[PDB]
**Q** 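Got a structure for you, written out below as structure tokens; questions coming shortly.
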Amino acid sequence: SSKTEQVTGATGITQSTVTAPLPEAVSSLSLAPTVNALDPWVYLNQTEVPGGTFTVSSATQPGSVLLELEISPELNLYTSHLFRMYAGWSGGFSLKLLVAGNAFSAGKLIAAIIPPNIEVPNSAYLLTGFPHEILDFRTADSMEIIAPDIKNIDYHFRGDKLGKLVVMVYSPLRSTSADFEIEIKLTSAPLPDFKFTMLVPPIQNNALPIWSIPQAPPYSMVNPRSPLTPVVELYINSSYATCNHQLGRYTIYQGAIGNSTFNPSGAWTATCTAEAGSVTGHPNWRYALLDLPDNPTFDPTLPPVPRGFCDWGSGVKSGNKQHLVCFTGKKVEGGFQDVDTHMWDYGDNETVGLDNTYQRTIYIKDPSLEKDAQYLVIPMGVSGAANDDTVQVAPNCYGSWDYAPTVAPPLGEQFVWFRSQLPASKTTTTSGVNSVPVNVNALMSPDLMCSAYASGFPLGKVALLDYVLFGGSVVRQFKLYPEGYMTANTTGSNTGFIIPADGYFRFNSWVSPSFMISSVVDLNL
Amino acid sequence: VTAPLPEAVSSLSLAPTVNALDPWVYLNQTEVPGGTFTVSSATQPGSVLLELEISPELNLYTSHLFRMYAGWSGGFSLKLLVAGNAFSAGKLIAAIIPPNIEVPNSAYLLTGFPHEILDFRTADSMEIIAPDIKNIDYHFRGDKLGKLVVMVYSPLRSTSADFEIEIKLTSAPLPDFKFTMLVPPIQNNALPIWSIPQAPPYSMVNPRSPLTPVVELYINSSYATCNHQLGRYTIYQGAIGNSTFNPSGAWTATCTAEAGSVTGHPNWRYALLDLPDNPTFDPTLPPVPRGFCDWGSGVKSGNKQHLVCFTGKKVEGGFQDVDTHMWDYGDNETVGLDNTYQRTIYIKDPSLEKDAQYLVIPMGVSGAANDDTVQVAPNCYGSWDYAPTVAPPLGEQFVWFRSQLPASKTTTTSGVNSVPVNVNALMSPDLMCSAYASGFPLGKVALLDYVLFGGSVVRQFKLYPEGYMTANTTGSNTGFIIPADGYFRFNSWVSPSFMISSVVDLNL
Amino acid sequence: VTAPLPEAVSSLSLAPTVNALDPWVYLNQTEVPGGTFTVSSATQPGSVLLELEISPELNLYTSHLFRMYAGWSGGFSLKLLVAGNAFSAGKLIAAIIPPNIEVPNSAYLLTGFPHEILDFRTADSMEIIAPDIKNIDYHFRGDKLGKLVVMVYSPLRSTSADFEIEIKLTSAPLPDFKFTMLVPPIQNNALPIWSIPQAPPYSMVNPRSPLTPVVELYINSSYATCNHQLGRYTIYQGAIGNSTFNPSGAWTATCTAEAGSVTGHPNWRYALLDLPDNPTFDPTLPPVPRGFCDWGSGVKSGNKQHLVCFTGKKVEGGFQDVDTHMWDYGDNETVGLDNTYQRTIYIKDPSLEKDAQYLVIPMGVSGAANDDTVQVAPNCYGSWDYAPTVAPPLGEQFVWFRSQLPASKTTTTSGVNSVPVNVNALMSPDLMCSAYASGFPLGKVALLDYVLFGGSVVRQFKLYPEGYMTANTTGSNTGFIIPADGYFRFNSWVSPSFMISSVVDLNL
């Protein structure tokens, strides 16, 4: 059906259509042990879909996929909430597009329905082979699509493959103004034939339509990489700072990926079996070896380092020019007789010819080191190193090791880093070492991620959330990926930008990984 | 709905078997392969925007089914999708032309055929019937068919900012369409979809320098024409002058000629290039070996830029000397002719016997301008089957496969010093070997990405059946660079006049 | 009877639009893609000769149609054609296996399934009905289906003369066969027919001697095993080892001198090859530049055979002085290690500096070779994904490319000379770009007709998905030559263990 209206002033019209490019199959539910009805008011409540919205500009090419949504109870808030109580479901959905159009100049949209186990093409030409509808920007207000439930079974259990709706640009947008854009918004509600089947206790790990984040300012989150210095600032660096293998790597697949843990307090202490021998070059250095509790010394599959023991990094050409710092002490009955400051390398002096690695082979400036003795390691900071670049060195998984992979931000976006400051251990000694002030940056801390590790994440959607700080009102929108990096869209120069650390994170909506943020952080300073 | 010509329905009574179609193939929103074109203020009246034969190639599904069949009968229903605007004016004309009648090249004459005038203001959902005109019961392959022709009747004008109008065409067969005589699907009727394997340009060969890998693509506004012979291919072969599918083996040749020299230098010995086949030097086959470099232009001797190569005296298939030597391509100066392929080569070495055979391996130039000079290849005679000079359509620029040619040095004055340069190619045979089985529908061109790294940047160019790619994009700055880290992806078939909505700004 | 399991009527109630077939597809019987195999007295008891699914890929017209649809439901009627004679004694069994049931290795147990026994002397065609066994309303891709299994019920005690029986399968869809929702015809599925752009083998690239063209195909006693990893290309994983699709620009690597700790028995200068894919330093990625020479010179001494290469000193703009030198290859029995992994190389040139990034371009071999030296490549040592060592089945023998390597001479300034040698590669790579476009069925290899003289087919080869070709032979010679002026066409799938009917007599 169709319906046309005259706009105010009579300078155009707007259309509102209902279409069924129909598979159109209804199940009798003969094998369902019980058929569970719904509140009649759920069928009359059209809610925004997680995955919408998207914007169309003059630079948007045809053939690029703008939406890809599975037909399931997750399209509506109340069916998503209700579904946690049930075992199966059956029925189609009503999908409504809302086009903020005008008699701009021109352009067309195409929406198509795709059956399960069929690849989605990247051509507007091929989408016309599917059941579809076409729409014009000069007259489009709302298109309602009767999306069917395509299945070869009478009702669903969790884990099936489902049909999809795909939206694409059919003809490019045009207008006199270069800033004119068209925003598409999608809402959904179940069709009257929708039903649930079997009542079961709700799931505690339910992937819910709304994620609630308790008030916890960033400065309270501390710290996978420097767990002795409070977080006080948020950072935005624009030096192509793609994160190599670091600590604090958390994803909602595993918990902690790599040699990371949910208890990083201090700077995790480890010990070494300090055998030694001949050393060329430096005369004061001894080549010790690192022990591995909970990990066998002779298995490449597990990491050859204690869990939580990671960067401060090393391995640069100046690896022997720049030395790390540790509280070192010899092991004796009941504890450690003394705890002193010594220069440690944790690098690639002679034996490996490696880069920033994760041995299993650590070098020290101590000449007093003896073979038959265990020693303590509590890293503190740096000594003689540069700033802001030699802490974020680039290690990775070498050999047959399987660590966290290297990640980069998407084009047009940059990371945001939790930042802390390290004071300098300045000392006047006949024996002892100095230090240098340093800035330390870390990825998402487990205090905020652990909530996501429990609440859940819709599949294929990235969380969009705000950052509300001291009065007056100022909110910055970031995107929290399941892979565990929070990013922001930026414009301007490549300035290193500092953001406060007093504000609560607030969930806003579920968005696709490719979603342009309107709230940009103009890097001008 | 408009029917300029009535559709006469044929009862397939002489057909040995009548094969019915799936009833759902009569859904009329499938695009017409090649039924896409744009109009702008620059398009001249009388210009032909679309010329489609009325066959099963007008529909995505009948084009697929037709590979299984030997015969066909029926017509099509077309629909126009015009992305117009409120400020534009103009008209088009669509006409039906019978099978054995020529298409006129005037809109004045096109009005003599059954036709419809379409106004840009009221043509967004017009339906046209494309009939099947024949004097037989059904069609075989190789027939002569009627055509649909679309032309600009009144040019596009605007009362405000200039706007282009992109027009698309969708089709479905009429209820009287039928097929005949199942046959195995290895027939003609090139497929409506081309599946390109993902092979980045860096993994392809440069036929004009098959030892330096392709490093990047670039576009130059000055290079308005290409006249090369090496590295040129085609799908509607035919053939191309001296271009192989094995460019690496193409770059070795032998020469021999008796005593002689050039006027001003008794250091430039003559040498006639040997043929992979054998003489006579018939003026119907290439005079130079099937594999040979075009690294030369209209240079004249005397303080002249020259060519560098390796040479070696053949020894009973055994051991031969090899050293970098100089080489100029023909005595074009002494004949009043521009540099051409039929001239005998010269090598700057007095130590060469006259009855011996000498090897040649081109590797660079010396004392010469960079790419700008080797980009222009020598001339031809018009006496043998070679490749013509090709230019892009008005408002389109070439896309080339580019490689870097390093230099060679000598501490002594025994070898020769050579300078670096970037060698440039028009096409590679690795991108083509998959297009031969699929085919190209009726003089249409393919639109391709180029899904650059990350999937964020997507470029669009047009691959013609003549073996070159083009895209006009505003700007000077002759050198624009595109990474070779990417893969190709098929989008659609378009008419040659179709313009690309994506523009690669040449000023960034 | 021919139907021990009846076909179930599927009321396609849950199916959206139900799509019908041309009623003449139910009446044509076509060969089954991949339904071909052989039997002999050597066939091992209890083995499974054929294992097919009951998908639409069982018929030539349903597979082409299935590319246009999303689901299906039906059943097929099958026929076995046995090419035996009157001296053949034995019996076949063909059975239908429901999904989620394991196939037993005993013909005595197959009798519990719906089955059909068949004598080898039968000249007619035996019919079977293969129904679609489902608990669902219709099928999508990626399901679990029923199977047809063929086995030897009674062994062949027939061989008065050793004799192979060829068995072929033929199918047609039953009525009650239907398709479901119509979709554009583009799928990730091997085409039942493969069309090869006919190109003579001489117009192809030799990935182990790219500069010189191919001259012939040949068979030798070196067939016994293939270990090199430069002309290796698979159909499911693409290039493997250090193979490339452009071995005409993946050559010419650069080495960095170090001066090492040398023996050379005074002086042999060491060096290290540069690996641009830096993450390569680990044992998980290759230790050598992609597409670099893997010729052999081993094993014992390394003071009698040496490789040959051009070499130069890298400077500002490649202005490197180039001259012919020797070059050994890594670990030789006095530095104290096996032949070589890949990386470390030597050179017979004391002029190498400590860090000056020298070039290398392998040109030939010198010393005792004895081509048989070049056929065996260095060993593979580490944990990176090196190409395995492959061998042909009994009775079958490899077919290789082959090209000529001419020599070069010196006077005294380098002292190094090369020798005429022959270079062969596991056939590649221009023969595979078509296969990726078309694809290969699962578990099947391609049977070939190599056409040589005026269309008179003379030779037949098998092409495996692992990337090699074999032939059936008898005569045990080492110098069989096959011309490269012909072409080949497959369009035919057979099983492994399929004995080719055409035999190559390796005698005069």
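Numbered from 1 within each chain, the chains take letters A, B, ... in sequence-line order.
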**Q** Can you find a pair of side-chain heavy atoms, one from A:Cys243 and one from A:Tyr485, that are under 4.5 Å apart?
**A**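 Sidechains of A:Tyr485 and A:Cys243: no contact.
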**Q** For the CG atom on A:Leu199, are there more than 12 heavy atoms of other groups (residues, nucleotides or ligands in this structure) within a distance under 6.0 Å?
**A**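 Check passes, neighbour count above 12.
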**Q** How long is the span from the CG atom in A:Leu109 to the CG atom in A:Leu97, to the nearest 0.5 Å?
**A**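 The CG atom of A:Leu109 sits 7.5 Å away from the CG atom of A:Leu97.
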**Q** Is any side-chain heavy atom of A:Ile146 less than 4.5 Å from a side-chain heavy atom of A:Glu144?
**A**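 Side-chain contact under 4.5 Å: yes.
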**Q** Hey, does A:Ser212 have a side-chain heavy atom less than 4.5 Å from the side chain of A:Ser455?
**A**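 No - every pair of side-chain heavy atoms lies 4.5 Å or more apart.
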**Q** Among pairs that include at least one residue of residues 224-237 of chain A, which meet salt bridge (charged side-chain N to carboxylate O under 4.0 Å, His left out), considering only residues two or more places apart or in two chains?
**A**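 Counting only pairs at least two positions apart or across chains, the salt bridge (charged side-chain N to carboxylate O under 4.0 Å, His left out) contacts touching residues 224-237 of chain A are A:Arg225-A:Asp311.
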**Q** Look at the side chain of A:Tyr43 and the backbone N and O of A:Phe194, then say whether any donor-acceptor pair between them is shorter than 3.5 Å.
**A**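 It does hold such a pair.
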**Q** Side chains of A:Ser90 and A:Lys151: do they bring a donor and an acceptor to under 3.5 Å?
**A**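 Looking only at side-chain atoms, A:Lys151 and A:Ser90 do form a donor-acceptor pair, the distance falling under 3.5 Å.
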**Q** Rounded to the nearest 0.5 Å, how far does OG1 of A:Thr79 lie from OH of A:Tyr86?
**A**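 Answer for the OH-OG1 pair, A:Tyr86 versus A:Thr79, is 12.0 Å.
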**Q** Do side-chain atoms of A:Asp502 reach the backbone of A:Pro217 as a donor and acceptor pair under 3.5 angstrom?
**A**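 No: the side chain of A:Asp502 does not pair with the backbone of A:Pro217.
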**Q** Is a donor on one side and an acceptor on the other found under 3.5 Å between the side chain of A:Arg307 and the backbone of A:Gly258?
**A**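 Confirmed, A:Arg307 side chain pairs with A:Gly258 backbone.
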**Q** To the nearest 0.5 Å, what is the distance between CG on A:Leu95 and CD1 on A:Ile71?
**A**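 Going from CG on A:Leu95 over to CD1 on A:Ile71, the span is 5.0 Å.
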**Q** I need the A:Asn259 CG to A:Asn295 CG distance, nearest 0.5 Å.
**A**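 It is 9.0 Å, given to the nearest 0.5 Å.
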**Q** How close do A:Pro73 and A:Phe93 get, heavy atom to heavy atom, and via which atoms?
**A**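 That closest heavy-atom pairing would be CA-CZ, 3.7 Å.
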**Q** Does A:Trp268 reach the main-chain N or O of A:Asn263 with its side chain, forming a donor-acceptor pair under 3.5 Å?
**A**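 Confirmed, A:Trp268 side chain pairs with A:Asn263 backbone.
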**Q** Report, as yes or no, whether the 6.0 Å neighbourhood of atom OH on A:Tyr481 holds more than 12 heavy atoms from other residues, nucleotides or ligands.
**A**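 Enclosed: over 12 neighbouring heavy atoms sit under 6.0 Å from OH of A:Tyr481.
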**Q** Can you check side-chain contact (heavy atoms from CB on, under 4.5 Å) on A:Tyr358 and A:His245, steps first, answer last?
**A** CA-CA 10 Å; A:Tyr358 281 96; A:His245 182 271; 3.4 Å; yes
**Q** Taking all heavy atoms of A:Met143 and all of A:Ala111, pick out the closest pair and write down the distance.
**A**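 Here A:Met143 and A:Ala111 meet closest at CE-CB, 4.4 Å.
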**Q** Atom CD1 of A:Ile113 and atom CG of A:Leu22: how far apart are they, to the nearest 0.5 Å?
**A**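 CG of A:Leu22 is found 8.5 Å from CD1 of A:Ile113.
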**Q** Please enumerate all residues that pass side-chain hydrogen bond (donor to acceptor under 3.5 Å, both in side chains) together with C:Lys144, with sequence neighbours excluded.
**A**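 Testing C:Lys144 for side-chain hydrogen bond (donor to acceptor under 3.5 Å, both in side chains), a comparison that skips the adjacent residues, returns C:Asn100.
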**Q** Spell out, as yes or no, whether a donor-acceptor pair under 3.5 Å connects the side chain of A:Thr19 to the backbone of A:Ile145.
**A**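 No, because the side chain of A:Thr19 does not come within donor-acceptor range (under 3.5 Å) of the backbone of A:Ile145.
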**Q** Which atoms form the tightest heavy-atom contact between A:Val462 and A:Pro482, and what is the distance?
**A**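 Shortest heavy-atom contact: CG2-CD, 4.0 Å.
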**Q** Give me each pair satisfying salt bridge (charged side-chain N to carboxylate O under 4.0 Å, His left out) with a member in residues 459-484 of chain A, each pair once, sequence neighbours excluded.
**A**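 Applying salt bridge (charged side-chain N to carboxylate O under 4.0 Å, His left out) to every pair that reaches into residues 459-484 of chain A, excluding sequence neighbours, yields A:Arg249-A:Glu483.
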**Q** Listed by chain and number, what are the side chain to side chain contact (heavy atoms under 4.5 Å, CB included) partners of A:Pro201, not counting sequence neighbours?
**A**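 Checked A:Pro201 against side chain to side chain contact (heavy atoms under 4.5 Å, CB included); zero matches.
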**Q** Would you say A:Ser420's side chain and A:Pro230's backbone share a donor-acceptor pair under 3.5 angstrom?
**A**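 Flag set: sc A:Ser420 to bb A:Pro230 pair under 3.5 Å.
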**Q** Can you list every pair that meets salt bridge (charged side-chain N to carboxylate O under 4.0 Å, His left out) and has a residue in residues 69-87 of chain A, with sequence neighbours left out?
**A**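 Listed by first then second residue: nothing to list.
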**Q** Indicate the ring-plane relationship of A:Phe83 and A:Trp89, choosing parallel, tilted or perpendicular according to the 30° and 60° boundaries.
**A**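 Rings of A:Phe83 and A:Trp89: perpendicular, as their planes differ by over 60°.
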**Q** Taking side chain as C-beta onward, heavy atoms only, is A:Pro224 less than 4.5 Å from A:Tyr250?
**A**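 Yes; the side chains approach each other to less than 4.5 Å.
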**Q** So, the side chain of A:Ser188 versus the backbone of A:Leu75: is there a donor-acceptor pair under 3.5 Å, distance only?
**A**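 Side chain of A:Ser188 to backbone of A:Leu75: a pair is present.
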**Q** Grab the two heavy atoms, one from A:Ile213 and one from A:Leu465, that are nearest each other, plus how far apart they are.
**A**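 Looks like CD1-CD1, 4.2 Å.
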**Q** Evaluate A:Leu469 against A:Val474 for side-chain contact (heavy atoms from CB on, under 4.5 Å), listing each step before the verdict.
**A** CA-CA 6 Å; A:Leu469 61 91; A:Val474 167; 4.0 Å; yes
**Q** Count the heavy atoms of every other residue, nucleotide or ligand shown that sit under 6.0 Å from OH of A:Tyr453, and state whether that count exceeds 12.
**A**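 Not more than 12 within 6.0 Å, no.
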**Q** Hey, would you say the A:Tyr235 and A:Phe497 ring centroids sit under 6.0 Å apart?
**A**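 Not close enough - the centres of the two rings lie 6.0 Å or further apart.
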**Q** Which heavy atom of C:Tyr138 sits nearest to which heavy atom of C:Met181, and what is that distance?
**A**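 Closest approach of C:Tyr138 to C:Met181: OH-CE, 3.9 Å.
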**Q** So A:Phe478 and A:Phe505, ring pair (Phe, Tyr, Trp, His ring centres under 6.0 Å) or not? Walk me through it.
**A** CA-CA 10 Å; A:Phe478 314 137; A:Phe505 286 108; 7.0 Å; no
**Q** Quick one: CG on C:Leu12 to OG1 on C:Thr180, what's the gap to the nearest 0.5 Å?
**A**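 The distance works out to 8.5 Å.
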**Q** For C:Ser13, does its backbone N or O pair with a side-chain atom of C:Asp137 as donor and acceptor, under 3.5 Å?
**A**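 Yes, C:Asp137 side chain to C:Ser13 backbone: donor-acceptor pair under 3.5 Å.
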**Q** Would you say that more than 12 heavy atoms from the other residues, nucleotides or ligands in this model lie under 6.0 Å from the CG of A:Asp39, or not?
**A**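 Atom CG in A:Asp39 is packed in, count exceeds 12.
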**Q** When you measure from the side chain of A:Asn489 to the backbone of A:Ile517, do you find a donor-acceptor pair of N or O atoms at a distance under 3.5 Å?
**A**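 Checked: pair present.
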**Q** Would you say the side-chain atoms of A:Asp193 pair up with the backbone N or O of A:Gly91, donor to acceptor, closer than 3.5 Å?
**A**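 Here the side-chain-to-backbone pair does not exist.
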**Q** Counting only heavy atoms not in A:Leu411, do more than 12 fall under 6.0 Å of its CG?
**A**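 Not buried by this count: 12 neighbours or fewer within 6.0 Å.
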**Q** Can you list everything that forms a salt bridge (charged side-chain N to carboxylate O under 4.0 Å, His left out) with A:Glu68? Sequence neighbours excluded, please.
**A**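 A:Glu68: salt bridge (charged side-chain N to carboxylate O under 4.0 Å, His left out) contacts with A:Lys164.
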**Q** What are the two closest non-hydrogen atoms of A:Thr53 and A:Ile184, and how far apart are they?
**A**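 Looking at all heavy atoms of both residues, the shortest contact is CB-O, 3.2 Å.
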**Q** Measure up the A:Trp211 and A:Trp510 rings against each other and bin them: parallel (under 30°), tilted (30 to 60°), perpendicular (over 60°).
**A**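 Taking A:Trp510 first and then A:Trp211, their aromatic rings lie parallel (interplane angle under 30°).
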**Q** Start with the C-alpha gap between A:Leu127 and A:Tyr170, add the side-chain angles, then the distance that decides, and say whether side-chain contact (heavy atoms from CB on, under 4.5 Å) holds.
**A** CA-CA 10 Å; A:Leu127 266 196; A:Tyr170 192 66; over 6 Å; no
